[PDB]
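Containing mmCIF, C-alpha atoms and all ligand atoms: data_21.cif.
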```cif
data_data
#
loop_
_atom_site.label_atom_id
_atom_site.label_comp_id
_atom_site.auth_asym_id
_atom_site.auth_seq_id
_atom_site.Cartn_x
_atom_site.Cartn_y
_atom_site.Cartn_z
CA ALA A 4 -4.18 36.94 -2.20
CA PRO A 5 -1.70 38.94 -4.27
CA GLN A 6 -3.60 39.88 -7.43
CA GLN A 7 -1.19 37.87 -9.61
CA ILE A 8 -2.08 34.64 -7.81
CA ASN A 9 -5.81 35.47 -7.78
CA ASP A 10 -5.91 36.15 -11.54
CA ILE A 11 -3.88 33.14 -12.73
CA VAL A 12 -5.78 30.77 -10.43
CA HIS A 13 -9.28 32.02 -11.37
CA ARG A 14 -8.47 32.44 -15.09
CA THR A 15 -7.16 28.82 -15.16
CA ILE A 16 -9.60 27.08 -12.81
CA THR A 17 -12.91 28.69 -13.86
CA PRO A 18 -12.65 27.35 -17.45
CA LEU A 19 -11.52 23.93 -16.13
CA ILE A 20 -14.58 23.61 -13.85
CA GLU A 21 -16.85 24.55 -16.77
CA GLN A 22 -15.18 22.29 -19.34
CA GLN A 23 -15.03 19.26 -17.00
CA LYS A 24 -18.38 19.88 -15.25
CA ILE A 25 -16.72 19.69 -11.81
CA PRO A 26 -19.24 20.11 -8.96
CA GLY A 27 -16.80 21.39 -6.38
CA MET A 28 -13.14 22.25 -6.19
CA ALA A 29 -10.53 23.53 -3.76
CA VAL A 30 -7.12 24.87 -4.74
CA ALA A 31 -4.15 25.92 -2.64
CA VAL A 32 -1.20 27.77 -4.06
CA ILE A 33 1.98 27.83 -1.99
CA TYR A 34 3.92 30.91 -3.06
CA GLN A 35 7.17 31.83 -1.35
CA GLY A 36 6.25 29.37 1.41
CA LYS A 37 2.80 30.88 2.19
CA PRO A 38 -0.55 29.27 1.31
CA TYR A 39 -3.40 30.88 -0.57
CA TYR A 40 -6.75 29.18 -0.82
CA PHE A 41 -9.52 29.11 -3.39
CA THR A 42 -12.84 27.26 -3.50
CA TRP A 43 -15.75 26.78 -5.90
CA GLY A 44 -19.06 25.01 -6.10
CA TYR A 45 -20.52 22.22 -4.03
CA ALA A 46 -19.27 19.55 -1.61
CA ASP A 47 -22.87 18.21 -1.59
CA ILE A 48 -25.18 19.18 -4.47
CA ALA A 49 -28.39 17.78 -2.94
CA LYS A 50 -27.87 19.53 0.41
CA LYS A 51 -26.43 22.71 -1.18
CA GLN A 52 -23.27 22.49 0.90
CA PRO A 53 -20.50 24.59 -0.58
CA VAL A 54 -16.84 23.63 -0.81
CA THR A 55 -14.95 25.41 1.99
CA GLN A 56 -11.35 25.29 3.35
CA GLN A 57 -12.60 22.64 5.82
CA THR A 58 -14.17 20.32 3.22
CA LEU A 59 -12.69 16.79 3.08
CA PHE A 60 -11.91 15.28 -0.30
CA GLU A 61 -10.86 11.71 -1.12
CA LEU A 62 -7.19 11.96 -2.14
CA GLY A 63 -7.19 8.56 -3.87
CA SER A 64 -3.60 7.68 -4.90
CA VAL A 65 -2.20 10.98 -3.58
CA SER A 66 -2.39 8.86 -0.38
CA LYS A 67 0.69 7.01 -1.74
CA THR A 68 2.78 10.11 -0.89
CA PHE A 69 1.83 9.67 2.77
CA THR A 70 2.59 5.92 2.59
CA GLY A 71 5.98 6.65 1.03
CA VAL A 72 6.90 9.22 3.71
CA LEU A 73 5.70 6.86 6.48
CA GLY A 74 7.94 4.14 4.95
CA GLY A 75 10.81 6.67 4.82
CA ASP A 76 10.23 7.43 8.48
CA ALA A 77 10.44 3.67 9.32
CA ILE A 78 13.77 3.48 7.46
CA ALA A 79 15.09 6.50 9.41
CA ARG A 80 13.87 4.82 12.62
CA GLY A 81 16.02 1.76 11.76
CA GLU A 82 12.90 -0.44 11.73
CA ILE A 83 13.10 -1.49 8.08
CA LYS A 84 15.53 -1.30 5.14
CA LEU A 85 14.54 -0.93 1.48
CA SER A 86 17.19 -3.57 0.69
CA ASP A 87 15.36 -6.11 2.94
CA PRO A 88 13.64 -9.07 1.26
CA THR A 89 9.83 -8.91 1.45
CA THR A 90 9.86 -12.31 3.18
CA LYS A 91 11.83 -10.80 6.08
CA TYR A 92 8.59 -9.05 7.17
CA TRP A 93 6.23 -11.69 5.87
CA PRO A 94 7.85 -15.13 6.41
CA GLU A 95 4.60 -16.86 5.34
CA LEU A 96 5.28 -15.61 1.82
CA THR A 97 7.15 -18.80 0.85
CA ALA A 98 6.38 -19.00 -2.90
CA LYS A 99 9.71 -19.00 -4.79
CA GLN A 100 8.80 -16.06 -7.09
CA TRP A 101 9.35 -13.83 -4.04
CA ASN A 102 13.08 -14.54 -3.82
CA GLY A 103 14.90 -11.32 -4.78
CA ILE A 104 11.79 -9.10 -4.33
CA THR A 105 12.73 -6.39 -1.81
CA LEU A 106 10.77 -3.63 -0.05
CA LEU A 107 12.29 -1.22 -2.61
CA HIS A 108 10.63 -3.14 -5.46
CA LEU A 109 7.25 -3.07 -3.67
CA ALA A 110 7.46 0.67 -2.87
CA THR A 111 8.44 1.60 -6.46
CA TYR A 112 6.21 -0.75 -8.55
CA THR A 113 9.22 -2.74 -9.78
CA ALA A 114 8.52 -6.21 -8.23
CA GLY A 115 7.77 -7.65 -11.69
CA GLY A 116 4.17 -6.93 -12.59
CA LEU A 117 2.03 -6.89 -9.44
CA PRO A 118 -1.48 -5.81 -10.51
CA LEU A 119 -2.94 -2.31 -10.53
CA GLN A 120 -5.77 -3.45 -8.24
CA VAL A 121 -6.02 -5.97 -5.41
CA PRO A 122 -9.00 -8.10 -6.43
CA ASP A 123 -12.35 -7.34 -4.72
CA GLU A 124 -12.44 -11.05 -3.66
CA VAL A 125 -9.54 -10.45 -1.28
CA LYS A 126 -10.71 -9.47 2.20
CA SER A 127 -9.06 -11.37 5.06
CA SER A 128 -5.39 -11.56 6.04
CA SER A 129 -5.51 -15.19 4.79
CA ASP A 130 -7.06 -14.02 1.45
CA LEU A 131 -4.24 -11.51 0.98
CA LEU A 132 -1.51 -14.06 1.67
CA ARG A 133 -3.07 -16.42 -0.82
CA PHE A 134 -3.23 -13.66 -3.46
CA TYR A 135 0.50 -12.78 -3.19
CA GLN A 136 1.46 -16.51 -2.99
CA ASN A 137 -0.43 -17.22 -6.23
CA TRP A 138 0.78 -14.13 -8.09
CA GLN A 139 3.12 -14.92 -11.02
CA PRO A 140 5.55 -12.17 -12.08
CA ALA A 141 5.78 -11.28 -15.78
CA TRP A 142 9.31 -9.94 -15.29
CA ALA A 143 12.38 -10.30 -13.11
CA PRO A 144 12.53 -7.93 -10.14
CA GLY A 145 13.79 -4.41 -10.82
CA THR A 146 13.43 -4.50 -14.59
CA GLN A 147 10.01 -2.96 -15.31
CA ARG A 148 7.70 -0.43 -13.63
CA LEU A 149 3.99 -1.16 -13.54
CA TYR A 150 1.97 1.26 -11.43
CA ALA A 151 0.19 -0.83 -8.81
CA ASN A 152 -1.93 -0.44 -5.64
CA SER A 153 -1.02 -4.04 -4.77
CA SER A 154 2.70 -3.12 -4.82
CA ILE A 155 3.00 0.05 -2.70
CA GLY A 156 -0.06 -1.13 -0.66
CA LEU A 157 1.90 -4.16 0.48
CA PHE A 158 4.95 -1.97 1.09
CA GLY A 159 2.93 0.20 3.50
CA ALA A 160 1.51 -2.76 5.40
CA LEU A 161 4.93 -4.38 5.87
CA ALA A 162 6.80 -1.15 6.61
CA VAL A 163 4.78 -0.64 9.84
CA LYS A 164 5.12 -4.25 11.07
CA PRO A 165 8.22 -3.70 13.29
CA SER A 166 6.59 -0.65 14.93
CA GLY A 167 3.86 -2.90 16.37
CA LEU A 168 1.26 -0.31 15.33
CA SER A 169 -1.59 -0.61 12.87
CA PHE A 170 -0.96 1.23 9.60
CA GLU A 171 -3.54 3.85 10.66
CA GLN A 172 -2.03 4.39 14.15
CA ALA A 173 1.49 4.63 12.68
CA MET A 174 0.30 7.21 10.14
CA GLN A 175 -1.61 9.27 12.76
CA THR A 176 1.18 9.31 15.34
CA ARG A 177 4.23 9.52 13.07
CA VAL A 178 3.06 11.74 10.18
CA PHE A 179 -0.36 13.47 10.69
CA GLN A 180 0.11 14.53 14.35
CA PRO A 181 3.69 15.90 14.07
CA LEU A 182 2.74 17.90 10.96
CA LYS A 183 -0.50 19.18 12.59
CA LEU A 184 -2.62 17.62 9.86
CA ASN A 185 -5.56 17.54 12.27
CA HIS A 186 -8.24 17.16 9.57
CA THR A 187 -6.64 14.32 7.60
CA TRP A 188 -8.15 10.86 8.02
CA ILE A 189 -7.93 7.25 6.92
CA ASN A 190 -11.39 6.74 8.41
CA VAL A 191 -13.60 9.83 8.55
CA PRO A 192 -15.03 10.19 12.10
CA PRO A 193 -18.75 10.83 12.65
CA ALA A 194 -17.94 14.31 14.02
CA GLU A 195 -16.39 15.23 10.64
CA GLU A 196 -19.08 13.80 8.32
CA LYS A 197 -20.55 17.34 7.96
CA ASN A 198 -17.32 18.30 6.11
CA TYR A 199 -16.98 15.14 3.94
CA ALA A 200 -17.76 16.04 0.32
CA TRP A 201 -19.61 13.59 -1.87
CA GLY A 202 -17.83 12.36 -4.99
CA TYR A 203 -19.80 12.43 -8.23
CA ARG A 204 -19.61 9.67 -10.81
CA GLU A 205 -22.03 9.80 -13.74
CA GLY A 206 -24.02 12.27 -11.63
CA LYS A 207 -24.45 9.90 -8.64
CA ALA A 208 -23.05 10.76 -5.19
CA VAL A 209 -20.42 8.21 -4.22
CA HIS A 210 -17.77 7.59 -1.57
CA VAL A 211 -14.83 5.16 -1.78
CA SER A 212 -15.65 1.58 -0.77
CA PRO A 213 -13.60 -0.50 1.68
CA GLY A 214 -10.95 -2.71 0.07
CA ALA A 215 -7.82 -4.65 0.92
CA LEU A 216 -4.85 -2.30 1.40
CA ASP A 217 -7.12 0.72 0.86
CA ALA A 218 -5.52 2.84 3.65
CA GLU A 219 -2.05 2.19 2.23
CA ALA A 220 -2.78 2.81 -1.48
CA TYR A 221 -5.79 5.17 -1.80
CA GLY A 222 -7.67 5.81 1.44
CA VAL A 223 -6.67 9.21 2.84
CA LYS A 224 -9.22 12.06 3.02
CA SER A 225 -8.02 15.64 3.72
CA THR A 226 -8.82 19.35 3.53
CA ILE A 227 -7.21 21.95 1.27
CA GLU A 228 -5.59 23.46 4.42
CA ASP A 229 -3.96 20.22 5.55
CA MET A 230 -2.83 19.40 1.99
CA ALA A 231 -1.24 22.85 1.67
CA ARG A 232 0.54 22.07 4.95
CA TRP A 233 1.58 18.68 3.51
CA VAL A 234 3.08 20.47 0.47
CA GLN A 235 4.92 22.94 2.76
CA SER A 236 6.36 20.03 4.77
CA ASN A 237 7.61 18.31 1.59
CA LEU A 238 8.90 21.61 0.17
CA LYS A 239 11.01 22.34 3.26
CA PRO A 240 11.67 19.11 5.25
CA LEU A 241 14.48 20.71 7.27
CA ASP A 242 11.91 22.88 9.11
CA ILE A 243 10.46 19.64 10.52
CA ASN A 244 11.63 19.07 14.10
CA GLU A 245 11.10 15.30 14.21
CA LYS A 246 14.38 13.87 12.91
CA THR A 247 13.05 10.62 11.42
CA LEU A 248 10.10 12.37 9.71
CA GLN A 249 12.41 15.02 8.18
CA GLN A 250 14.60 12.16 6.98
CA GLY A 251 11.61 10.13 5.77
CA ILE A 252 10.45 13.01 3.58
CA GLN A 253 13.94 13.27 2.02
CA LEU A 254 13.99 9.50 1.28
CA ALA A 255 10.54 9.68 -0.36
CA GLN A 256 11.91 12.28 -2.81
CA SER A 257 15.08 10.32 -3.64
CA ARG A 258 15.30 9.07 -7.22
CA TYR A 259 15.35 5.23 -7.31
CA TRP A 260 14.50 4.51 -10.96
CA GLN A 261 14.24 6.41 -14.22
CA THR A 262 11.82 5.87 -17.08
CA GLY A 263 11.91 8.45 -19.87
CA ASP A 264 12.10 11.88 -18.22
CA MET A 265 10.48 10.72 -14.91
CA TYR A 266 12.07 9.43 -11.71
CA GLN A 267 10.36 7.19 -9.14
CA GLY A 268 10.43 8.13 -5.46
CA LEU A 269 8.53 6.59 -2.57
CA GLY A 270 5.00 7.67 -3.55
CA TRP A 271 6.24 10.89 -5.15
CA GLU A 272 7.33 11.03 -8.76
CA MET A 273 9.89 13.63 -9.91
CA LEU A 274 11.16 15.30 -13.09
CA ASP A 275 14.02 17.77 -13.46
CA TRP A 276 13.02 21.42 -13.32
CA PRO A 277 12.66 23.16 -15.72
CA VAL A 278 10.23 20.60 -17.08
CA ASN A 279 8.86 20.21 -20.52
CA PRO A 280 5.12 20.70 -19.79
CA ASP A 281 4.27 18.22 -22.56
CA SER A 282 6.23 15.62 -20.56
CA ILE A 283 4.30 16.07 -17.29
CA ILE A 284 0.97 16.81 -19.02
CA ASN A 285 1.07 13.98 -21.59
CA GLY A 286 2.97 11.80 -19.10
CA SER A 287 0.15 12.13 -16.53
CA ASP A 288 -2.29 10.51 -18.97
CA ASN A 289 -3.19 7.03 -17.78
CA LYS A 290 -1.59 4.30 -19.88
CA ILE A 291 1.43 6.24 -20.14
CA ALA A 292 1.14 6.55 -16.30
CA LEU A 293 -0.34 2.99 -16.02
CA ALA A 294 1.71 1.26 -18.82
CA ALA A 295 4.54 -1.26 -18.32
CA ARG A 296 7.85 0.56 -18.82
CA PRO A 297 11.46 -0.65 -18.51
CA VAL A 298 13.34 1.17 -15.77
CA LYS A 299 16.98 2.16 -15.31
CA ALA A 300 18.19 1.62 -11.74
CA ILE A 301 19.71 4.72 -10.14
CA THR A 302 22.60 3.12 -8.28
CA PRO A 303 22.77 4.50 -5.63
CA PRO A 304 19.63 6.68 -5.45
CA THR A 305 20.05 10.43 -5.97
CA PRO A 306 19.15 12.39 -2.82
CA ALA A 307 16.16 14.71 -3.18
CA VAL A 308 16.99 17.20 -5.96
CA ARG A 309 15.73 20.77 -5.11
CA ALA A 310 15.41 21.67 -8.84
CA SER A 311 12.63 19.13 -9.44
CA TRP A 312 8.96 19.17 -10.33
CA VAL A 313 7.65 16.80 -7.65
CA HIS A 314 4.10 15.52 -8.11
CA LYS A 315 1.36 12.89 -7.75
CA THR A 316 -2.09 12.51 -9.35
CA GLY A 317 -4.78 10.54 -7.56
CA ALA A 318 -8.38 9.54 -8.07
CA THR A 319 -11.24 7.61 -6.61
CA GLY A 320 -14.45 6.71 -8.46
CA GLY A 321 -15.84 10.11 -7.43
CA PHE A 322 -12.76 12.32 -6.91
CA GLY A 323 -9.76 13.77 -8.77
CA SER A 324 -6.74 15.25 -7.05
CA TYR A 325 -3.29 16.58 -7.98
CA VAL A 326 -0.32 17.89 -6.02
CA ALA A 327 2.86 19.43 -7.52
CA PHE A 328 5.71 21.44 -6.06
CA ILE A 329 9.16 22.76 -6.89
CA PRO A 330 11.41 22.79 -3.80
CA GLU A 331 13.95 25.18 -5.32
CA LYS A 332 11.26 27.89 -5.86
CA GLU A 333 9.25 27.37 -2.63
CA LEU A 334 6.31 26.97 -4.99
CA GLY A 335 3.50 24.42 -5.11
CA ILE A 336 -0.12 23.63 -5.75
CA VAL A 337 -2.89 21.32 -4.55
CA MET A 338 -6.04 20.78 -6.63
CA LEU A 339 -8.91 18.80 -5.00
CA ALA A 340 -12.18 18.08 -6.89
CA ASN A 341 -15.23 15.86 -6.28
CA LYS A 342 -15.26 14.48 -9.78
CA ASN A 343 -12.67 12.17 -11.36
CA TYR A 344 -11.69 14.13 -14.50
CA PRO A 345 -8.72 13.38 -16.80
CA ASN A 346 -5.20 13.69 -15.37
CA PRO A 347 -3.87 15.76 -18.32
CA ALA A 348 -6.43 18.50 -17.59
CA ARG A 349 -5.17 18.62 -13.96
CA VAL A 350 -1.51 18.80 -14.83
CA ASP A 351 -2.08 21.39 -17.62
CA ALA A 352 -3.95 23.67 -15.16
CA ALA A 353 -1.24 23.12 -12.54
CA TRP A 354 1.59 23.97 -14.97
CA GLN A 355 -0.25 27.04 -16.27
CA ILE A 356 -0.49 28.35 -12.67
CA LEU A 357 3.01 27.46 -11.41
CA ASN A 358 4.75 28.53 -14.66
CA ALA A 359 3.07 31.97 -14.32
CA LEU A 360 4.20 32.42 -10.69
CA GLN A 361 7.63 30.88 -11.21
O1 LIG B 401 -13.20 4.24 -6.32
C1 LIG B 401 -12.25 3.45 -6.07
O2 LIG B 401 -12.44 2.38 -5.43
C2 LIG B 401 -10.84 3.73 -6.52
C3 LIG B 401 -9.81 3.26 -5.71
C4 LIG B 401 -8.47 3.47 -6.05
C5 LIG B 401 -8.20 4.14 -7.22
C6 LIG B 401 -9.23 4.61 -8.04
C7 LIG B 401 -10.56 4.40 -7.71
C8 LIG B 401 -8.50 5.27 -9.17
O3 LIG B 401 -9.12 5.83 -10.15
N1 LIG B 401 -7.14 5.21 -9.05
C9 LIG B 401 -6.07 5.72 -9.96
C10 LIG B 401 -5.39 4.51 -10.63
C11 LIG B 401 -6.44 3.74 -11.40
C12 LIG B 401 -6.79 4.16 -12.69
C13 LIG B 401 -7.78 3.48 -13.40
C14 LIG B 401 -8.41 2.38 -12.80
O4 LIG B 401 -9.38 1.72 -13.49
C15 LIG B 401 -8.07 1.97 -11.51
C16 LIG B 401 -7.09 2.65 -10.81
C17 LIG B 401 -5.06 6.53 -9.20
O5 LIG B 401 -5.47 7.30 -8.32
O6 LIG B 401 -3.85 6.37 -9.47
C18 LIG B 401 -6.95 4.54 -7.90
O7 LIG B 401 -5.78 4.27 -7.41
#
```
Any chance you could put this one into structure tokens?
Ligand SMILES: O=C(O)c1ccc2c(c1)C(=O)N([C@H](Cc1ccc(O)cc1)C(=O)O)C2=O
Amino acid sequence: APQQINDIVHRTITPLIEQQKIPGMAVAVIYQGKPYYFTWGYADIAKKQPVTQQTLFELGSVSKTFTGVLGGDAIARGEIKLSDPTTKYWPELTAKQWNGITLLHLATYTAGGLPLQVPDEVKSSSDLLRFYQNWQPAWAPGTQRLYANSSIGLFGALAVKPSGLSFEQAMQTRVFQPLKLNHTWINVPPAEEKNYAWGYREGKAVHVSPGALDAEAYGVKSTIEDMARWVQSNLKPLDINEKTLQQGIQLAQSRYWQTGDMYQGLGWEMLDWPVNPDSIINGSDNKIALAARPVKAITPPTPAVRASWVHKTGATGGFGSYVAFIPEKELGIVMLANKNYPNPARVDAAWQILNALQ
């Protein structure tokens, strides 16, 4: 890499790994459109397998960026509308609290207090229906944001219904394949297990467990190469030759709601660039990120703003990830680690690197 990128990356990441006791890490910097890769430590401690550019990490809720783009792509295809009632795609959802709850509300965590987690009890299609039927909103639709797997998870499941495809097939054929993300998976195949890092929680090797709406909310695994390519695609959607996918990416970066200095997209979250690093850093802390916050509707939504800091944190029990990019500067970063360490440490390291190269 250019020495500038090398030095800022290593001088920022080395201390982070030490301070947080991170077993393995991969970083990609996208600088003037081109990716540069960095890796440290172990994908598998016990088997002494190092982190490489081919190592798969659990993205956790960074998966919501894929779900949001896939939803965008369905909109562009004319298959769904964000203004559609939820019941349009799930007529069995007859409980009266659902009146006025649209696909927009589901995608943007504004349905009125859907929970962070789908309960472990919920397994079957009939279990899921019962869960949403029984759910009682704390707030009217479109008044408060409460970050929720159960909200965008349901969005993803419904958004693919008109296509006739499973969520996984839709994602593979409409997002992964066109973008040549050939080492990105909802379900890791046996042939790729050699590359699948272990997550580490309290020193034990762990992988994410199956759960209702897992694929939609937190279930994507990917390499640093594919995630750099994901960032590139979201940095420059006009280079994408598939019309609906290009359009879907733009819709995922539109600003639907504002709370404080942040704007809600589909999966992605955005702030105006230049950002106050204390906003993104402190703002990334859970329970500001996971707290109930009133939202201002952006009527109509602002199309993707180039001068934005666009980002998403994500975790699983054993993994911590972060992606951030600034379209205007052709600049971005992906940080993948096999330990779930605090969001603020991720965003601080990310800002230190991008601010230096900016
Ligand atoms: O191991 C798992 O099963 C697992 C699954 C999904 C998530 C996490 C862990 C996880 O930590 N997040 C956070 C959100 C979250 C934070 C705290 C918490 O207790 C649950 C979820 C995120 O990525 O946004 C998740 O969304």
Which of A:187, A:147, A:153, A:247 sits closest to residue A:296 [using only C-alpha atoms]: A:147
Residues within 7 Å of ligand LIG 401 (chain B), counting all atoms listed in the file, as a ChimeraX atom specification: /A:63-65,119-120,152,211-212,220-221,289,316-321
Give me the stretch 137-249 of chain A side of the contact with stretch 40-56 of chain A, cut-off 12 Å, one line per residue showing its nearest atom pair and distance in Å at one decimal, counting all atoms listed in the file, sorted by chain and residue number, as CSV.
```
residue,atom,partner,partner_atom,distance
A:186,CA,A:56,CA,10.7
A:196,CA,A:46,CA,11.5
A:197,CA,A:52,CA,9.2
A:198,CA,A:46,CA,8.1
A:199,CA,A:46,CA,7.4
A:200,CA,A:46,CA,4.3
A:201,CA,A:47,CA,5.7
A:202,CA,A:46,CA,8.1
A:203,CA,A:47,CA,9.3
A:206,CA,A:48,CA,10.0
A:207,CA,A:48,CA,10.2
A:208,CA,A:47,CA,8.3
A:209,CA,A:47,CA,10.6
A:210,CA,A:47,CA,11.8
A:225,CA,A:56,CA,10.2
A:226,CA,A:56,CA,6.5
A:227,CA,A:56,CA,5.7
A:228,CA,A:56,CA,6.1
A:229,CA,A:56,CA,9.2
A:230,CA,A:56,CA,10.4
A:231,CA,A:40,CA,8.8
A:232,CA,A:40,CA,11.7
```
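You will find atom CA of residue A:138 at 20.0 Å from atom CA of residue A:87.
Distances to residue A:303 were evaluated for A:69, A:170, A:260, A:325 using only C-alpha atoms, and the minimum falls at A:260.
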For atom CA of residue A:328 and atom CA of residue A:284, the interatomic separation in Å (one decimal): 14.6 Å
Length of the atom CA of residue A:342 to atom CA of residue A:295 vector [Å]: 26.7 Å
Name the residues within 9 Å of (-1.2, -2.7, -9.8), counting all atoms listed in the file in the file's coordinates, and put them as a short mmCIF file (atom, residue, chain, number, x, y, z; two decimals) with C-alpha atoms, keeping the file's coordinate frame.
```cif
data_model
loop_
_atom_site.label_atom_id
_atom_site.label_comp_id
_atom_site.auth_asym_id
_atom_site.auth_seq_id
_atom_site.Cartn_x
_atom_site.Cartn_y
_atom_site.Cartn_z
CA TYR A 112 6.21 -0.75 -8.55
CA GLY A 116 4.17 -6.93 -12.59
CA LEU A 117 2.03 -6.89 -9.44
CA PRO A 118 -1.48 -5.81 -10.51
CA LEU A 119 -2.94 -2.31 -10.53
CA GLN A 120 -5.77 -3.45 -8.24
CA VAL A 121 -6.02 -5.97 -5.41
CA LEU A 149 3.99 -1.16 -13.54
CA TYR A 150 1.97 1.26 -11.43
CA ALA A 151 0.19 -0.83 -8.81
CA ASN A 152 -1.93 -0.44 -5.64
CA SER A 153 -1.02 -4.04 -4.77
CA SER A 154 2.70 -3.12 -4.82
CA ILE A 155 3.00 0.05 -2.70
CA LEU A 293 -0.34 2.99 -16.02
#
```
Selection near residue A:62, 6 Å with all atoms listed in the file, sequence-local residues under 2 positions removed, as JSON, numbers by chain: {"A": [65, 66, 223, 224, 324]}
Contacts of residue A:24 at 10 Å (all atoms listed in the file; same-chain gap of 5+ positions) as number ranges by chain: A: 18-19, 342, 344
Local residues around (-9.1, -13.6, -2.3), at most 9 Å away, using only C-alpha atoms, as an NGL selection string: :A and (121-127 or 129-134)
With C-alpha atoms kept, could you save the residues just selected as a short mmCIF file (atom, residue, chain, number, x, y, z; two decimals), in the frame of the given file?
```cif
data_model
loop_
_atom_site.label_atom_id
_atom_site.label_comp_id
_atom_site.auth_asym_id
_atom_site.auth_seq_id
_atom_site.Cartn_x
_atom_site.Cartn_y
_atom_site.Cartn_z
CA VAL A 121 -6.02 -5.97 -5.41
CA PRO A 122 -9.00 -8.10 -6.43
CA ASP A 123 -12.35 -7.34 -4.72
CA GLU A 124 -12.44 -11.05 -3.66
CA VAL A 125 -9.54 -10.45 -1.28
CA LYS A 126 -10.71 -9.47 2.20
CA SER A 127 -9.06 -11.37 5.06
CA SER A 129 -5.51 -15.19 4.79
CA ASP A 130 -7.06 -14.02 1.45
CA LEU A 131 -4.24 -11.51 0.98
CA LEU A 132 -1.51 -14.06 1.67
CA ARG A 133 -3.07 -16.42 -0.82
CA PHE A 134 -3.23 -13.66 -3.46
#
```
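Between residue A:301 and the residues A:145, A:192, A:240, A:280, the shortest atom-to-atom distance, using all atoms listed in the file, involves A:145.
Across A:12, A:176, A:6, A:60, the tightest approach to residue A:354 is made by A:12 when counting only C-alpha atoms.
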Using all atoms listed in the file: which of A:184, A:338, A:189, A:157 has the shortest distance to residue A:216: A:157
